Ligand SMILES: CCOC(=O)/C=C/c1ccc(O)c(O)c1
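Below, in structure tokens: the form solved without the named molecule, a single chain.
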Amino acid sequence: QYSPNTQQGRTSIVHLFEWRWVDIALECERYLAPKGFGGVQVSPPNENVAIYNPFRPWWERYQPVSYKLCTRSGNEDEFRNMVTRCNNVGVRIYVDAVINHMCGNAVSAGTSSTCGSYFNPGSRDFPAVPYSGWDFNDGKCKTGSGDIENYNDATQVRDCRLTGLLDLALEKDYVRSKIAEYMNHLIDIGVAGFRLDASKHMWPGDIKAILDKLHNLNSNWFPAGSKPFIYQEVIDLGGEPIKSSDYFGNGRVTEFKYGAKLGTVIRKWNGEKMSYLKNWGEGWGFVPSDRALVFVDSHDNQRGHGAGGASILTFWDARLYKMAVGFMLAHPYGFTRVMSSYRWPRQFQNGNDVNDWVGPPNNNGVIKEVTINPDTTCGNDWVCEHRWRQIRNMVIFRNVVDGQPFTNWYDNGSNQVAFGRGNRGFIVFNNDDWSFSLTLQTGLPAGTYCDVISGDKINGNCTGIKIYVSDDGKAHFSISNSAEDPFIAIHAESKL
């Protein structure tokens, strides 16, 4: 459950936040497969509540009504079709599994669901699964409100409602089975793994009990004995009775401290500087590399809804973001996930963003198709960070340097550092307020390399900066603190 199951040479997955199945299908064929991406994180494929107040918010997808594959992203056929086409081009699908709960207890009974399934939060009735009052932790929770009131009580964090969301009784075999029934349907369809939503609110043991019920991956696409990839969403910063390590026996876990610290380092908050990244990784108190799923921002914290809050870098901070994703895709620690978002009318007031609820681009609630502009960018308000030259190229950079050790580190004691990945790649960063110009040891073979940040190698020529490596591996670099992208990256496959 620790292995991604991506095919040889692909090292990252991209979160295509709120995309339709049909658009993801096309994206696998026309860009992801050709570009060397390993897989895609899809938004919950199961029927959810249709919330109109606010109008169709993004979080309404974390409020399940049944396990029918019917949502704003498409129906069951389109979902199947998507997994098949993507798999056929070597791009895996990972489902966002919302199994800790159903919808909010305050939600009104009726058929206001993405598939028309009837549900009644009041009476605990979800006939479409089916579930009844006997399947929730109402009687198990010991708080006066029934919700989670204190996070220093590991019991209540698991047994009570997360801000009103009906908590499933995961110790019951009936519930575990309905859930495994759901997940096995997806595995047999072809999905390669799952993102376990709100895993902090589930008992490690209950999760393990559900995993034991899961099938091996579809043998038409995966070698016999392949276990699904499991990554547990667990927000664990400092001091909390619950540790992300309690979940190692089930699979990987989201390391939220990663993006948080990278954000404060790159923003240079409270005196932090890049030279401190020398021992980036476990040395910084992060989980072991083989259990970590890393990222700079997520659909949650990019809009102040998760961990990290303000330090987190997003597409809104374009310049520092590219540099952050660059360092991430270049560093060996963890398995990397790339964010791909959409624009929303950010409206700050007294510090908070009153539009952090805004759902994906749409027309009367109908999500907009992703349009591809002539320069490869996206229209209809989709940001498509994965299509940005600097990002897409670092994705490939990771593939090329895969397996290569961390070496030839350089830092000026401030904010300009550089390091290499064996003899397959090298990257340099200038985050100081003054130009950088020096000769570093790259441990790379002599030759002429195309800088993949400022450009692309295109048949015998570089469309951007060019670096020259001497016989002793040395090479000169020069980056103005005023450059569009203050960092340079070259690799074995960008050599002329």
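Start at 1 with the first residue shown and count on from there.
Decide which of the stretches 105-113 and 153-161 has the higher mean C-alpha B-factor, going by the entry.
Averaging CA B-factors over each stretch, the winner is 105-113.
For the C-alpha atoms alone, is the average B factor greater in 47-55 or in 453-461, going by the entry?
Here the higher of the two C-alpha B-factor means belongs to 453-461.
Name the residue from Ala330, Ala180, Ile207, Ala310 with the greatest C-alpha temperature factor listed in the entry.
Comparing C-alpha B-factors across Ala330, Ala180, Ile207, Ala310, the maximum falls on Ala310.
Maximum C-alpha temperature factor per the entry, among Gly190, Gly74, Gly283, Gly144, belongs to which one?
Largest recorded C-alpha B-factor: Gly283.
For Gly443, does the deposited CA B-factor place it in the lowest, middle or highest third of the chain?
For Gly443, the deposited C-alpha B-factor lands in the highest third.
Can you tell me which third, lowest, middle or highest, the CA B-factor of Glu369 falls into for its chain?
Tercile = highest for this residue's CA B-factor.
Going by the CA temperature factor in the PDB record, which third of the chain does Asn220 belong to: lowest, middle or highest?
For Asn220, the deposited C-alpha B-factor lands in the middle third.
By the recorded C-alpha temperature factor, relative to the other modelled residues in its chain, which third is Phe487 in?
For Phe487, whose C-alpha B-factor we compare with every modelled residue in the chain, the answer is the middle third.
Pull the Cα B-factor of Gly251 out of the PDB entry and bin it into the chain's lowest, middle or highest third.
Within its chain, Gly251 is a lowest-third residue by C-alpha B-factor, going by the deposited values.
Below, we turn to the form deposited with the named molecule bound, even though it does not appear here.
Can you check whether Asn120 is within 4.5 Å of the named molecule in the deposited complex, heavy atom basis?
No, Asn120 sits far enough from the named molecule in the deposited complex that none of its heavy atoms falls within 4.5 Å.
Is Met183 close to the named molecule in the deposited complex, meaning a heavy atom pair under 4.5 Å apart or at it?
Answer no; every heavy atom of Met183 is more than 4.5 Å from the named molecule in the deposited complex.
According to a 4.5 angstroms non-hydrogen atom cut-off, is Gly403 in contact with the named molecule in the deposited complex?
Answer no; every heavy atom of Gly403 is more than 4.5 Å from the named molecule in the deposited complex.
Do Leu26 and the named molecule share at least one heavy atom pair within 4.5 Å in the deposited complex?
Contact check for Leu26: yes, within 4.5 Å of the named molecule in the deposited complex.
Is it true that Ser244, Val287 and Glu369 each have at least one non-hydrogen atom within 4.5 Å of the named molecule in the deposited complex?
The answer is yes: all three residues contact the partner (heavy atom, 4.5 Å cut-off).
To test your reading of this chain, name the stretch in 77-85, 403-411, 324-332, 422-430 whose heavy atoms come within 4.5 Å of the named molecule in the deposited complex.
Heavy-atom contact with the partner occurs in 77-85.
Would you mind checking 244-262 for residues with a heavy atom within 4.5 Å of the named molecule in the deposited complex?
Stretch hits, in order: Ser244, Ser245, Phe248, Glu255, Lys257.
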